[PDB]
Amino acid sequence: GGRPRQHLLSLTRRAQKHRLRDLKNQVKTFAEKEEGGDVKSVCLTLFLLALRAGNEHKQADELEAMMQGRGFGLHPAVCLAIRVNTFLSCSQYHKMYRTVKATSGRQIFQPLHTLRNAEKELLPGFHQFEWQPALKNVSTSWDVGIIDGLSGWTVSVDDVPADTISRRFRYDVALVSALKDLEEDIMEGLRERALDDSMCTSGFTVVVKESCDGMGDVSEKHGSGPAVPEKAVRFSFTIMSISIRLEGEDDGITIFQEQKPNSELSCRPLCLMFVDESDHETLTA
Amino acid sequence: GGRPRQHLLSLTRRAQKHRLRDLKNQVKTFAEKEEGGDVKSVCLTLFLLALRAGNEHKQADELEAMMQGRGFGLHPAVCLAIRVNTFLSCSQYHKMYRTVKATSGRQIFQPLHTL
Amino acid sequence: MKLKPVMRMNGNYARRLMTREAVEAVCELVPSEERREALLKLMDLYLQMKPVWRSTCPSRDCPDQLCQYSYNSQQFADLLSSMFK
DNA sequence: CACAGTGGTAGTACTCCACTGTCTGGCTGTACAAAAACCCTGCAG
DNA sequence: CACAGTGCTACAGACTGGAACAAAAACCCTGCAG
């Protein structure tokens with residue numbers, strides 16, 4: 001006469017095949033007339049509200065947070081920050097991720113490849129920009145990421161050695177990215193000013209402190225070559241202030257000013273080399 | 001003719017009511033014919049196949065958190081293990097704790113004094 | 001061999017140096033033929049006796065090198081007091 | 001008149017475990033309107 | 001034959017779908033039995 005069957009939440013997800021057939025068909029039939037392929041929402045609005053029908057609220061918080069705002073688990077930007085800024089090795093981070101996931105999870109942290117995929121936005125060679133007037137003797141391509149700083153040394157044996165390894169951002173790109181990163185603080189500074197928005201967009205002035213200093217006693221790696229000296233030179237800048245001038249009169253008007261310029265937190269590395277400060281040759285190259 | 005129709009995401013509950021009335025009724029009727037009428041158990045299960053038809057992993061997680069569970073708190077010993085084994089400084093760790101706790105928290109990690 | 005000079009020699013540059021193919025880049029340097037053969041042969045002797053005391057438990061992992069170690073060392077010492085005296 | 005840390009403490013401060021009633025806010029069936037934003041068609045340049 | 005990693009790569013593994021097979025679970029049943 002059939003068969004007694006125990007409740008669903010104890011069966012495997014597979015066990016289900018039998019139970020939703022009619023609902024899969026009904027949602028499919030439904031989707032064409034009112035949307036056309038919008039799968040997410042039909043399920044979402046019936047469900048949240050259906051729960052709060054025989055309601056204790058407890059769930060409404062967890063469910064209303066569940067998709068678009070915010071995280072649920074933790075938004076990959078917050079993860080990325082909580083890796084980069086507490087100094088976790090990538091392998092160390094993943095180590096932790098595995099641990100928190102396996103034990104009582106409900107994993108919280110986001111996996112590495114989705115951190116990497118959340119990365120491309122912060123680094124330079126991402127945000128579009130254009131220069132008026134166009135820059136002299138510089139490429140107009142704005143997508144360039146980390147560039148080997150050798151910058152076209154022909155590495156011909158006959159010539160000066162190519163020995164030194166380096167990496168640098170293309171200067172302008174590094175600028176527009178570092179600075180667009182300040183969009184938040186510059187807009188909030190503008191609203192503190194209670195200053196006009198649409199008008200006076202173009203009168204800005206940006207003051208950049210750049211610094212370059214040498215570092216000795218840096219060991220090196222066996223590696224595949226090329227041979228390179230021990231000492232390393234780190235070229236970096238920092239944005240000290242950003243101000244406005246238009247309409248006219250009014251001095252120049254500060255908006256954002258770095259509060260603790262001596263902090264590690266604000267210094268922007270640009271060119272990293274292995275070079276001794278003493279040899280002028282490769283340094284100017 | 002008719003007004004330029006809705007774009008989901010913008011409204012409060014009772015436009016929502018006849019937006020789905022007939023499907024909620026079909027569901028009531030279903031729960032009734034085979035599963036007596038326990039809507040909570042029915043509705044929670046509904047998401048999974050529509051999502052998991054073509055999906056994430058994230059879906060397994062967010063949905064897996066539900067009513068049972070949980071965590072609650074990672075046992076202080078496990079957390080401690082994460083700390084000394086990933087070489088986290090107390091101030092660095094506490095940093096992480098504060099950060100994960102303020103955002104979406106639901107604090108996971110256990111505080112210093114309990115460690 | 002992709003190796004760079006050291007002041008004090010770490011055991012890692014010792015593991016790259018001890019291998020036979022490392023003794024190959026040097027075998028090319030020494031003009032003399034029989035010398036070239038001698039030190040090469042020496043190094044292979046050394047590769048044969050090294051895992052005995054390097055490996056955790058040679059009684060299982062590397063039995064044959066262990067049983068032949070005395071004879072192998074004999075051979076070695078002979079070669080040293082022979083051409084290198 | 002760097003700066004971003006470095007762990008233990010004692011400080012403070014806040015926010016929790018039982019006993020209870022009482023409260024507002026919120027949901028469920030259809031009925032009842034008034035706004036909401038098109039597009040109609042209608043009447044006019 | 002020290003060992004915990006060192007990031008980004010490689011693509012191994014984790015997923016759907018109907019179309020249909022089969023086995024097994026645990027009921028009901030009828031069969032042949034004291």
# chains A, B, ... in the order shown; residues from 1 in each chain; ligands from 1
>>> residues_around(residues="residue 96 (chain A)", least_positions_apart="3", cutoff="8 Å", atoms="only C-alpha atoms (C1' of nucleotides)", output="list in words")
residues 92, 93, 99 and 100 of chain A; 82 and 86 of chain B
>>> write_last_selection(atoms="N, CA, C and O atoms", output="PDB file, in the first residue's frame")
ATOM      1  N   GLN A  92      49.600  30.797   4.756  1.00  0.00           N
ATOM      2  CA  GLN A  92      49.143  30.888   6.136  1.00  0.00           C
ATOM      3  C   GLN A  92      47.650  31.180   6.196  1.00  0.00           C
ATOM      4  O   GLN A  92      46.893  30.562   6.965  1.00  0.00           O
ATOM      5  N   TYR A  93      47.230  32.131   5.378  1.00  0.00           N
ATOM      6  CA  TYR A  93      45.830  32.494   5.313  1.00  0.00           C
ATOM      7  C   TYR A  93      44.973  31.302   4.942  1.00  0.00           C
ATOM      8  O   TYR A  93      43.983  31.016   5.602  1.00  0.00           O
ATOM      9  N   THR A  99      41.057  25.547   8.203  1.00  0.00           N
ATOM     10  CA  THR A  99      40.730  25.232   9.591  1.00  0.00           C
ATOM     11  C   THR A  99      39.341  25.703  10.016  1.00  0.00           C
ATOM     12  O   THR A  99      38.554  24.926  10.551  1.00  0.00           O
ATOM     13  N   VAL A 100      39.059  26.982   9.807  1.00  0.00           N
ATOM     14  CA  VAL A 100      37.775  27.551  10.194  1.00  0.00           C
ATOM     15  C   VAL A 100      36.620  26.915   9.399  1.00  0.00           C
ATOM     16  O   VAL A 100      35.508  26.777   9.915  1.00  0.00           O
TER      17      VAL A 100
ATOM     18  N   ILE B  82      44.767  28.200  15.623  1.00  0.00           N
ATOM     19  CA  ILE B  82      44.897  29.087  14.471  1.00  0.00           C
ATOM     20  C   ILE B  82      45.875  30.207  14.756  1.00  0.00           C
ATOM     21  O   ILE B  82      46.731  30.513  13.921  1.00  0.00           O
ATOM     22  N   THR B  86      49.473  29.989  12.899  1.00  0.00           N
ATOM     23  CA  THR B  86      49.657  30.837  11.726  1.00  0.00           C
ATOM     24  C   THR B  86      50.572  32.008  12.081  1.00  0.00           C
ATOM     25  O   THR B  86      50.793  32.899  11.264  1.00  0.00           O
TER      26      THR B  86
END
>>> select_by_dssp(residues="chain C", states="alpha helix (DSSP H)", output="NGL selection string")
:C and (11-18 or 20-27 or 33-54 or 58-61 or 63-67 or 69-83)
>>> residues_around(residues="residue 247 (chain A)", least_positions_apart="5", cutoff="12 Å", atoms="only C-alpha atoms (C1' of nucleotides)", output="PyMOL selection string")
chain A and resi 195-196+199-204+252-253
>>> closest_atom_pairs(of="chain A", to="chain B", cutoff="6 Å", atoms="only C-alpha atoms", output="tab-separated table")
residue	atom	partner	partner_atom	distance
A:86	CA	B:92	CA	5.5
A:92	CA	B:86	CA	5.6
A:104	CA	B:71	CA	5.9
A:106	CA	B:61	CA	5.5
>>> write_last_selection(atoms="N, CA, C and O atoms", output="PDB file, in the first residue's frame")
ATOM      1  N   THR A  86      47.015  42.407   8.410  1.00  0.00           N
ATOM      2  CA  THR A  86      47.545  41.739   9.607  1.00  0.00           C
ATOM      3  C   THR A  86      48.813  40.917   9.287  1.00  0.00           C
ATOM      4  O   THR A  86      49.325  40.201  10.149  1.00  0.00           O
ATOM      5  N   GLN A  92      49.600  30.797   4.756  1.00  0.00           N
ATOM      6  CA  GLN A  92      49.143  30.888   6.136  1.00  0.00           C
ATOM      7  C   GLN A  92      47.650  31.180   6.196  1.00  0.00           C
ATOM      8  O   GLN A  92      46.893  30.562   6.965  1.00  0.00           O
ATOM      9  N   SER A 104      33.363  23.462  12.543  1.00  0.00           N
ATOM     10  CA  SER A 104      32.187  24.298  12.729  1.00  0.00           C
ATOM     11  C   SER A 104      32.070  25.251  11.562  1.00  0.00           C
ATOM     12  O   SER A 104      32.226  26.458  11.723  1.00  0.00           O
ATOM     13  N   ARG A 106      29.911  25.870   7.520  1.00  0.00           N
ATOM     14  CA  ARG A 106      29.681  27.307   7.729  1.00  0.00           C
ATOM     15  C   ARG A 106      30.997  28.115   7.617  1.00  0.00           C
ATOM     16  O   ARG A 106      31.346  28.844   8.545  1.00  0.00           O
TER      17      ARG A 106
END
>>> interface_residues(of="chain C", to="chain E", cutoff="9 Å", atoms="only C-alpha atoms (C1' of nucleotides)", output="list in words")
residues 50, 51, 52, 53, 54, 55 and 56 of chain C
>>> atom_distance(atom1="CA of residue 262 (chain A)", atom2="CA of residue 209 (chain A)")
11.4 Å
>>> closest_atom_pairs(of="chain A", to="chain C", cutoff="9 Å", atoms="only C-alpha atoms", output="tab-separated table")
residue	atom	partner	partner_atom	distance
A:220	CA	C:4	CA	8.8
A:221	CA	C:4	CA	7.8
A:222	CA	C:3	CA	5.1
A:223	CA	C:2	CA	5.9
A:224	CA	C:2	CA	5.8
A:225	CA	C:2	CA	7.6
A:227	CA	C:4	CA	8.9
>>> interface_residues(of="chain A", to="chain D", cutoff="12 Å", atoms="only C-alpha atoms (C1' of nucleotides)", output="count of residues only")
18
>>> closest_residue(among="A:211, A:219, A:112, A:176", to="chain E", atoms="only C-alpha atoms (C1' of nucleotides)")
A:112
>>> interface_residues(of="chain E", to="chain A", cutoff="9 Å", atoms="only C-alpha atoms (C1' of nucleotides)", output="VMD selection string")
chain E and resid 5 to 7 26 to 29
>>> interface_residues(of="chain B", to="chain E", cutoff="9 Å", atoms="only C-alpha atoms (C1' of nucleotides)", output="list in words")
residues 52, 53, 54 and 55 of chain B
>>> write_last_selection(atoms="C-alpha atoms", output="compact mmCIF listing (two decimals), in the first residue's frame")
# COMPACT_ATOMS: atom_id res chain seq x y z
CA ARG B 52 22.25 24.44 -7.29
CA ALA B 53 20.97 23.80 -10.83
CA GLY B 54 23.83 26.00 -12.01
CA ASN B 55 25.77 27.48 -9.15
>>> closest_residue(among="B:14, B:3, B:28, B:113", to="residue 38 (chain D)", atoms="only C-alpha atoms (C1' of nucleotides)")
B:3
>>> closest_atom_pairs(of="chain B", to="chain D", cutoff="7 Å", atoms="only C-alpha atoms (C1' of nucleotides)", output="tab-separated table")
residue	atom	partner	partner_atom	distance
B:1	CA	D:39	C1'	4.7
B:2	CA	D:38	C1'	5.1
B:3	CA	D:38	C1'	4.2
B:4	CA	D:38	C1'	6.2
>>> residues_around(residues="residue 126 (chain A)", least_positions_apart="4", cutoff="9 Å", atoms="only C-alpha atoms (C1' of nucleotides)", output="ChimeraX atom specification")
/A:120-122,142-145,173,177
